[PDB]
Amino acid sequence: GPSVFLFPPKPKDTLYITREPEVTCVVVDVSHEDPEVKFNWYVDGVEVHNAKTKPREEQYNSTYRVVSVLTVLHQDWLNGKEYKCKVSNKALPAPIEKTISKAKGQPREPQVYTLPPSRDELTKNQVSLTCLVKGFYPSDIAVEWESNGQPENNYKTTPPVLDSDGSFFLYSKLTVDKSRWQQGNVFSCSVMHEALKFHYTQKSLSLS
């Protein structure tokens, strides 16, 4: 301390005109002895002044947390612009600098595959519906589930995992009551990624 963490936008914030992507600069372990924090922001090395800095917030471990948020243009993030947060504090020998950008490398479109429950799981009261998303680059991605136009919320999805060919994959597991699966209800896995056309794709799954 003080230490700085620079966070990227959320994957869905970059992909839809609907949402506002922005980069977040977090300073932790600010001592009560040195409460002042100054933020300077750079986009491709050019100083910018539109960042919104919040007032310091006291933490339970008797240190301050200070957050500055820079609202980022959609196309700028996807085109690989560089965002640098410069953090100044009197307890620092020199200011702390962090830089973030989207991963470089040619984007690769995710391949989406839905997998029904394993035969041995059909014995249980609730079954697992699986969505395999593989071969995508970069790793920023979002996955959701629906049934009959309505969102399904009983799902958990793994973080991206680096594959042997340089792309990423993950799995999403949706849990439903077995009865819903044998009624023949249709379930859909939704994937959001910059390499998809219109940044969206869908794959459905139902009893065969």
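The numbering used is simple: start at 1 and walk along the sequence shown.
- Taking the PDB entry as given, 117 to 125 carries the higher mean Cα B factor of the two stretches 117 to 125 and 132 to 140.
- Between the stretches 169 to 177 and 145 to 153, it is 145 to 153 that shows the larger average CA temperature factor.
- When the C-alpha B factors of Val46, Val67, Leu162, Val30 are read from the deposited coordinates, the top value falls at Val46.
- For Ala195, the recorded CA temperature factor ranks within the lowest third of the chain's modelled residues.
- Among all modelled residues in its chain, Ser208 ranks in the highest third by Cα B-factor.
- Ranked by C-alpha B-factor against the other modelled residues of its chain, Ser88 falls in the middle third.
- Sorting the modelled residues of the chain by their CA temperature factor places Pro107 in the middle third.
- Residue-level temperature factors show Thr158 in the lowest third of its chain, judged at the C-alpha atom.
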